[PDB]
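Asks: Please find the sequence and an experimentally derived structure below.
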Amino acid sequence: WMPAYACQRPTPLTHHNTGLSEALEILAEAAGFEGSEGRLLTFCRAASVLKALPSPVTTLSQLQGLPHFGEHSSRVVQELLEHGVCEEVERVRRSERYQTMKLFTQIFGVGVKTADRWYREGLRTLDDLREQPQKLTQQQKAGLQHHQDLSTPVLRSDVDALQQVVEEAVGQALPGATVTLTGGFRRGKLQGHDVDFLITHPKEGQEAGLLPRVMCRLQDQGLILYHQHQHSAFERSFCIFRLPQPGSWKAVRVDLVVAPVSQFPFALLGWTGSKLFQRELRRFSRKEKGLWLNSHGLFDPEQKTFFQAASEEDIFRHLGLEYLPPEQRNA
DNA sequence: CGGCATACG
DNA sequence: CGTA
DNA sequence: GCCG
Ligand SMILES: [Cl-]
Ligand SMILES: [Mg+2]
Ligand code: NA
Ligand code: NA
């Protein structure tokens, strides 16, 4: 009754097993901090299965037969059901390693490998890093300067104001080009920690060279606090944008992506997420259908041909999957 | 046991 | 290495 | 950590 891949089942944004899923996602995150990608995936998948259930798990009996629940994930759920807390999860939560790796990897420009190296060098706090700035990249310096603002979520209200300023720059850069909101806000989130926009043009080829033109226009409007070509071909830009606030402003992470209209359904699918949904969809494609999926296309390696898609609905049909709207992709 | 998504900056 |  |  519960399929094994997250892309085979609807997963809504809010659900009936929030506490259980949050505990499993702590263990997934801790596995990632140790480089244990397989265990991270299992705990993420187990959490996602709970998100897809139609009602709360109340007894360990109800996990029998669910995919991705074995002895370890079942023991976590059993302790939460019996005692309201899981000793392993709480030990992770309070550990110095978990807390510091979480703080460091939240910095824009810092991943697990960098965070782990700093941890081993004895660093523990953001002010430790600020006192050692020669050990920081341009990107990391921006991430650290803006960390407080970037730690506070954006509202959907804020997103609509940002989309209008992006649309203005895009319209000057290339009349007729369009801007589509992707990411978590397209999945229905009311708030979130960055904003993602996908840009295209209805005439294939007209989007070539577009993103530099858009970024220079936003930069001239004074709206870009950081981007990687500020000193200046590219198709993805990971920026920090000035967002107006009552009497002031705040820094917000914004990603801009350009795709040709022939690739737009694939890019829309990929950039809408969730991350686990897309990993599961690509795994399903390759392992169950023998087709290779990415954010540009869907390749048949036996015929050496790419599928044409005019919509996300086309892509789900190609893969033999029931269509899921973005709000049911919250694996 | 092997496998675990797949790109771009 | 970072980013999504 | 779990699946096939
Ligand atoms: Cl692992
Ligand atoms: Mg996002
Ligand atoms: Na980071
Ligand atoms: Na093994």
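Replies: Now that the structure is in, tell me what you want to look at. Residues are numbered from 1 along each chain as shown, chains lettered A, B, ... in the order given. Ligands and ions are numbered 1, 2, ... in the order given.

Asks: how about stretch A:183-198: buried residues?
Replies: Taking 16 or more other CB atoms under 10 Å as the neighbour-count basis, stretch A:183-198 is seen to contain the buried residues A:183-189, A:192, A:194-198. Quick note: C-beta positions are derived from backbone N, CA and C, even for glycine.

Asks: can you check stretch A:212-223 too?
Replies: Going by neighbour count (16+ other CB under 10 Å), the buried part of stretch A:212-223 is A:212, A:214, A:215, A:216, A:217, A:218, A:219, A:223.

Asks: Which helix or strand lies directly C-terminal to whatever helix or strand the third one lives in?
Replies: With elements delineated by DSSP states H and E, residue A:215 resides in helix A:210-220, which encompasses its position. Using DSSP H and E, the helix or strand that follows helix A:210-220 towards the C-terminus is strand A:224-226.

Asks: so does that next one get close to DNA strand C?
Replies: No. Contact of strand A:224-226 with DNA strand C is not found when judged by CB under 7 Å from any atom of the strand; the minimum separation is 11.3 Å.

Asks: Next one: the most centrally placed residue in chain A from DNA strand B, what distance?
Replies: Against the mean C-alpha coordinate of chain A, by CA atoms, centre = their mean, the closest residue is residue A:275 at 5.0 Å. Noted for residue A:275: a distance of 6 Å to DNA strand B, by CB to the nearest atom of the strand, to the nearest Å.

Asks: And for residue A:139?
Replies: Taken as CB to the nearest atom of the strand, the spacing of residue A:139 relative to DNA strand B amounts to 8 Å.

Asks: for residue A:107, same thing?
Replies: Separation of residue A:107 from DNA strand B (CB to the nearest atom of the strand) stands at 15 Å.

Asks: What of residue A:31?
Replies: 11 Å.

Asks: which stretch of helix or strand covers that residue?
Replies: helix A:18-33.

Asks: Which strands or helices does that helix pack on?
Replies: helix A:37-51, helix A:71-83, helix A:87-94, helix A:96-105, helix A:112-120 (3 or more CB pairs under 8 Å, 6 or more residues apart in numbering; DSSP states H and E).

Asks: wait, what's in contact with the closest residue in space to residue A:81 that isn't next to it in sequence?
Replies: In this structure, residue A:81 finds its nearest non-sequential neighbour in residue A:60, 6.5 Å apart by CB to CB, 6 or more residues apart in numbering. For residue A:60, the contacting residues are A:74, A:77, A:78, A:81, taking CB atoms under 8 Å, 6 or more residues apart in numbering as the criterion.
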